[PDB]
Amino acid sequence: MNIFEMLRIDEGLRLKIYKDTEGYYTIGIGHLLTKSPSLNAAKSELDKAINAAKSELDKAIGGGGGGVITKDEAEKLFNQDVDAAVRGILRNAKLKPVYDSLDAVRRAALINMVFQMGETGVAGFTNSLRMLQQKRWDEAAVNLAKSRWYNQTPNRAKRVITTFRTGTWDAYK
């Protein structure tokens, strides 16, 4: 078990455009395409996030609103998304210290959250954060469970919380 395996569990691996838990068009391992309630815009965004990587340097690659993706391709986006989330943590005044104090397993729980709701979204967890910092596992678990994050995505939050509470991979086993 590891952060990649964790997010693959929690996000799945879909090679065809799908919708998030908010109804938004997404692809790969939880890569948001657009908030527009339009499949067309999605493709458009997809055919822009796909050719963008190895776009200009050399010959073409496709250029066609198919809506499907290559595992490797999904992988790439996945690797960028995770890198982004990690750097959002490090760059965040509030998330950084909490992260710094955490152990490897709890660290991916933090990444996991950042990856799901964004840097600012996680940083707004004033209590939970301070408790994580103080190593008050039980207390932080309880607070997080009282959030709207948990409310909307219970299954996932529980897993995440179990990870914060125990410091083990039990929930993903």
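All values below come from the heavy atoms of this structure, side chains included, with hydrogens, waters and symmetry mates left out. Residue indices begin at 1 and follow the sequence shown.
Between the side chain of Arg14 and the main chain of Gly28, no donor-acceptor pair closer than 3.5 Å is present. Panel note: side chain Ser147, backbone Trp149; a donor-acceptor pair is recorded below 3.5 Å.
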Practice problem: Output, in order, the C-alpha distance, side-chain angles, deciding distance and verdict of side chain to side chain contact (heavy atoms under 4.5 Å, CB included) for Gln116 and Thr153. | Solution: CA-CA 10 Å; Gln116 183 187 348; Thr153 55; 3.4 Å; yes

Quiz item: Would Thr26 and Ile17 satisfy side chain to side chain contact (heavy atoms under 4.5 Å, CB included), going step by step from the backbone distance to the final call?
Solution: CA-CA 6 Å; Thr26 299; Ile17 288 161; over 6 Å; no

Practice problem: Evaluate the side chain to side chain contact (heavy atoms under 4.5 Å, CB included) criterion for residues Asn155 and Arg159: first the C-alpha distance (whole Å), next the side-chain angles of each, then the deciding distance (0.1 Å), finally the verdict. | Solution: CA-CA 7 Å; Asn155 292 169; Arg159 289 200 287 269; 4.2 Å; yes

Quiz item: Which is it for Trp137 and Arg106 under the side chain to side chain contact (heavy atoms under 4.5 Å, CB included) test, yes or no, and what are the steps along the way?
Solution: CA-CA 10 Å; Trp137 316 125; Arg106 303 183 166 92; 3.4 Å; yes

Self-check item: Worked check of side-chain hydrogen bond (donor to acceptor under 3.5 Å, both in side chains) between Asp10 and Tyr172
Solution: CA-CA 9 Å; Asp10 286 338; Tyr172 290 86; 2.3 Å; yes

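Each of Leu129 and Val142 belongs to its own hydrophobic cluster when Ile, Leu, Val, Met, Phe, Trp and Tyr are linked at side-chain heavy-atom distances under 4.5 angstrom. Residue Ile111 is grouped with residue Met113 when hydrophobic side chains (ILVMFWY) are merged at heavy-atom distances under 4.5 angstrom, including chains of intermediate members. Clustering ILVMFWY residues whenever any of their side-chain heavy atoms sit less than 4.5 angstrom apart, transitively, puts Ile27 in the very cluster that holds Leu15. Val98 and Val105 end up in the same hydrophobic cluster when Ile, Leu, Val, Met, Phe, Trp and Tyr side chains are linked at under 4.5 Å. Note: the hydrophobic cluster containing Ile161 does not contain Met131 (ILVMFWY, side chain heavy atoms under 4.5 Å, direct or indirect links).
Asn92 and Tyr99 share no side-chain donor-acceptor pair at under 3.5 Å. In the model, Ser36 has no side-chain atom that pairs as donor or acceptor with a side-chain atom of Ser38 under 3.5 Å.
Here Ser128 contributes atom OG and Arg136 contributes atom CZ; the two are 12.0 Å apart, rounded to the nearest 0.5 Å. For the atom pair CD1 of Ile69 and CG of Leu46, the computed distance is 4.5 Å after rounding to the nearest 0.5 Å. Taking CG of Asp72 as the start and CG of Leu77 as the end, the distance is 11.0 Å to the nearest 0.5 Å. Of the inter-residue distances, the one linking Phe4 atom CZ with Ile29 atom CD1 reads 9.0 Å to the nearest 0.5 angstrom. The line from NZ of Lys76 to CG of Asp81 is 12.5 Å long, rounded to the nearest 0.5 Å. Separating the CG atom in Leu144 from the NZ atom in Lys158 is a distance of 13.5 Å, to the nearest 0.5 Å.
Taking all atoms of both residues into account, the shortest heavy-atom contact from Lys43 to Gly65 is CD-O, 3.5 Å. In terms of heavy-atom proximity, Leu110 sits nearest to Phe164 at N-CZ, 3.5 Å. Taking each heavy atom of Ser101 and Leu132 in turn, the nearest pair found is OG-O, 4.5 Å. Between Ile50 and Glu73, the closest heavy-atom pair is CD1-OE2, 3.2 Å. Between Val114 and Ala85, the closest heavy-atom pair is CG1-O, 3.7 Å. Annotation for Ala74 and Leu13: closest pair CB-CD1, 3.9 Å, computed over non-hydrogen atoms.
Around the NZ atom of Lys94, the shell of radius 6.0 Å holds no more than 12 heavy atoms that belong to other residues, nucleotides or ligands.
Looking at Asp83 and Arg87, a side-chain N of the basic residue comes within less than 4.0 Å of a carboxylate O on the acidic one, giving a salt bridge. Ion pairing between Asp138 and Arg165 fails under the 4.0 Å rule for side-chain N and carboxylate O. In this structure, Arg8 pairs ionically with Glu75, as a charged nitrogen and a carboxylate oxygen lie closer than 4.0 Å. Taking the charged nitrogens against the carboxylate oxygens, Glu45 and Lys48 do have a contact shorter than 4.0 Å, which makes a salt bridge. With respect to the salt-bridge test (charged N to carboxylate O, under 4.0 angstrom), the residues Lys173 and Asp170 do not qualify. Between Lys96 and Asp100 there is a salt bridge, since a side-chain N of the basic residue sits under 4.0 Å from a carboxylate O of the acidic one.
In this structure the side chain of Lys35 never reaches within 4.5 angstrom of the side chain of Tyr25, judged on heavy atoms. Looking at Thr163 and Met6, their side chains come closer than 4.5 Å, going by heavy atoms from C-beta outward. Put simply, the side chain of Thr34 does not reach to within 4.5 Å of the side chain of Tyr24, judged on heavy atoms. By the 4.5 Å heavy-atom criterion applied to side chains, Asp20 and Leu32 are counted as neighbours. Residues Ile89 and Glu119 have side chains not in contact (no heavy-atom distance under 4.5 Å, counting atoms from C-beta outward). Residues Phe125 and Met117 are in side-chain contact: their nearest non-hydrogen atoms beyond the backbone lie under 4.5 Å apart.
Every ring-ring contact (aromatic ring centres under 6.0 Å, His included) that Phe115 has, sequence neighbours left out, goes to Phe78.
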